[PDB]
Structure formats: structure tokens, C-alpha cells
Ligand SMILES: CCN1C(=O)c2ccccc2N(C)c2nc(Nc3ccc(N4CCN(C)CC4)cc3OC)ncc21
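In C-alpha cells, one chain follows: the form solved without the ligand.
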């Protein structure tokens, strides 16, 4: 690679930290601030013919400015490659946020859902559906006081909603019923995905586990079980919230605003903060490279995964 002068003048590019079929990722310290970023390099020879799937992801990253999102810091376009200076978040993903957390409680989970719901609210205000909201795409941003904030990344499946979408995209565990049914879907699939995550946050296992076709039936029926004894000492406010996020009826289902306005998220006193949640055990049973992985992927790496038995 012949890194342009524009980049090498204001950034010291280092070792390759990640690779992909369509992107290379290097260390990238901003010379003026000594702040560490990631330099994502895409060879335009691979993206030819499908410029739109790369260009549509970038034009979204260029717009979205929110603290709870992995941000595009800078773009440098040359005839042979596209350079993207990206935020490099090193606090691990969501599963690490739960494990590393000593004294893990409902208040921590509520705090993460606040960051997530806030990010989703921002995207939905711009009529952007992320469609790939999952624990692997939720990176942990650690502050100086020890507190943590989540940042949603990987906009490889993100798109502007102008009407109902029909492409069957996303990870089966987190995919909404309307995506599976192919009846048309929109923004609120992100809420469904967030509800699955919230469910996992409290107990460490998915609400819908199902064989593959059984999983899809579980999702389609949307009967959330809060089994004992795992949900015995979880607040009903939390279980109520998850119920509203995983409604098959899209109109009844909460919007991002309605999640944030829910007492368990809105009122920062409701979440239990003295009785712990023993979730660490279940996570391993069922489920800084985390930061690089989110950047190394592109839209062109995305594939369909959900396949019902044809009716």
C-alpha cells in the first residue's frame, strides 16, 4: 500500500491489526493527539460492480454522529483504495462487559440498554435500521472513572427505510418474526434484537433457543418464558419491558423512545443494585480483537443465514 500523504502526515500508521476479504486494518495513532484509531483500507478492485453496497454503508457512517456508535473519524478516497479512519474501541464486546463486571447487577444491564436504545433512537430518527444488532457488534467504551458505555458498530447491513424491506438478513437468534415471515419489516427489528439482548443481559441465555426450524417457530410465536429459578429475583419491570420489546405485533411493540421512557430504563432507581445476577455461567455455556473485528468486516462480507423449510 502507498498510504496517501494526507493520512501519513497526520497519522502514524502501524502494524496490520486485522484482515478481511474486502478490508485491511492497521494501527493509526493521530500524531497531534496521540489518540489511537484504526485505518480501514478497502481495495476498490474488489468492490467494483458493487460500489453501492460499500458506498451506502459509508454515506451512513458519514452522517451518524452519536456517542454510542463506533464513529467514522475520517475518509480518504483515492482511485485504487478507500481509507476509513475508524474508532478503535478496546473494552471488548457485550459478553466481556458482563463477565469482567464484578458486582454485576440489574443497574448495569439497564445502563447498557440505555446506551443501546439511545443509539437505536438516534438511527431511527434518521430512518436507519441497523439490522445486525448483536452482542458481537456492541463494544465497550471504558471511561476514566471506570464507568462503561456501549458503542454500536458494524453497519454492514444498515440501510435507509423508505418502505417495507424483505431481504432475510441477520443472525437467527436476534432476527425478528416479520423478517422470517417475509411479510415486510422496518426499524422495529432493531428493537426486537435489543430485546433478545436485554433478555440475555439478565439471565445469559436467549429467550428463543429452539433445531433450526424450531427456533424460527419460537420466534414467530413470540411467547417469552422467564423460567425459574433464573428469573425469580429479576424485577417485574424488567420482564415487562422485555415483553413489550418482543411483541410479534409490530405496532404494539415498543419503539426506541418507548423503551427509553420505560421506568426500568428511564428511572435509574428501579434497577436492583444490591442483589447480584449470576449470569457469567450461562454465557459461556451458550455463546482488544473485538474492536478490530467490527471494523475488519464490510457490507460485502454479509450473507443470508436464515432458511425456513419451504412451505
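Residue numbers count along the first chain shown, from 1. We call the rigid core whatever largest set of C-alpha positions still superposes within 1.5 Å between the two forms.
- Counting only other entries that model residues on either side of residue 49, is it left out in at least a third? Residue 49: unmodelled in at least a third of the other compared entries.
- Unmodelled residue 217 in at least one third of other entries with both flanks present: Per the records, residue 217 is modelled in all the other entries.
- Would you class the number of unmodelled deposited residues between residue 210 and residue 211 as none, 1 to 3, 4 to 9, or 10 or more? 1 to 3 residues lack coordinates between residue 210 and residue 211.
- Query: Counting only residues of the deposited sequence, how many between residue 287 and residue 288 have no atoms in the entry (none, 1 to 3, 4 to 9, 10 or more)?
  - Reply: Per the record, 4 to 9 deposited residues are absent between residue 287 and residue 288.
- Of 111-119 and 84-92, which one has the bigger average CA B-factor? For C-alpha atoms only, the mean B-factor is higher in 84-92.
- Query: If you average the Cα B factors in the entry, which is higher, 192-200 or 134-142?
  - Reply: Between 134-142 and 192-200, it is 134-142.
- Message: Just to confirm, going by the entry's C-alpha B-factors, which of 159, 99, 173, 125 comes out highest?
- Response: Of 159, 99, 173, 125, 99 has the highest C-alpha B-factor.
- Message: Just to confirm, going by the entry's C-alpha B-factors, which of 229, 163, 222, 153 comes out highest?
- Response: Of 229, 163, 222, 153, 229 has the highest C-alpha B-factor.
- residue 56 - which third its CA temperature factor falls in, relative to the rest of the chain: Lowest third.
- Task: Among all modelled residues of this chain, ranked by Cα B factor, put residue 183 in the bottom, middle or top third, i.e. lowest, middle or highest.
- Result: Lowest third, going by the recorded CA B-factors of the chain.
- Item | residue 78, C-alpha B-factor rank within chain (lowest, middle or highest third) | As the PDB entry reports it, the C-alpha B-factor of residue 78 lands in the highest third of its chain.
- Item | Chain third (lowest, middle, highest) by recorded CA B-factor, residue given as residue 104 | Highest third of the chain for residue 104's C-alpha B-factor.
- Message: When the deposited Cα B-factors of this chain's modelled residues are ordered and cut into thirds, is residue 262 in the lowest, the middle or the highest one?
- Response: Middle third.
The following text describes the form deposited with the ligand bound, which does not appear among the structures shown.
- Item | the ligand overlaid from its position in the bound PDB entry: site open or blocked at 2.4 Å backbone/C-beta | After the site C-alphas are aligned, the pocket of the shown chain is blocked to the transferred ligand.
- Message: Looking at 132-140, 188-196, 212-220, 113-121, which stretch has residues with any non-hydrogen atom within 4.5 Å of the ligand in the bound PDB entry?
- Response: Partner-contacting stretch among the options: 132-140.
- Partner proximity in the bound PDB entry: residue 259 to the ligand, non-hydrogen atom cutoff 4.5 Å: Result no; residue 259 lies far from the ligand in the bound PDB entry.
- So in the bound PDB entry, does any heavy atom of residue 89 sit within 4.5 Å of the ligand? Although the ligand is absent here, residue 89 would touch it in the bound PDB entry, with heavy atoms inside 4.5 Å.
- Is there a non-hydrogen atom of residue 40 within 4.5 angstroms of a non-hydrogen atom of the ligand in the bound PDB entry? Contact check for residue 40: yes, within 4.5 Å of the ligand in the bound PDB entry.
- Task: Give a yes/no on whether residue 70 approaches the ligand to within 4.5 Å in the bound PDB entry, heavy atoms considered.
- Result: Residue 70: yes, in contact with the ligand in the bound PDB entry.
- Message: Given a cut-off of 2 Å on Cα movement between the shown form and the other one, rigid core as reference, pick the single residue from 183, 125, 233, 80 that exceeds or meets it.
- Response: Looking at each option in turn, only one qualifies, and it is 80.
- Message: Once you overlay the rigid core, does the Cα of residue 30 travel 2 Å or further between the shown form and the other one?
- Response: True for residue 30: a C-alpha shift of 2 Å or more.
- Look at residue 256 and decide if its Cα position differs by 2 Å or more between the shown form and the other one after superposing on the rigid core. Not so; residue 256 is displaced by less than 2 Å.
- Message: After a rigid core superposition, would you say the CA of residue 39 moves by 2 angstroms or more between the shown form and the other one, or not?
- Response: Result for residue 39: yes, a 2 Å-plus shift.
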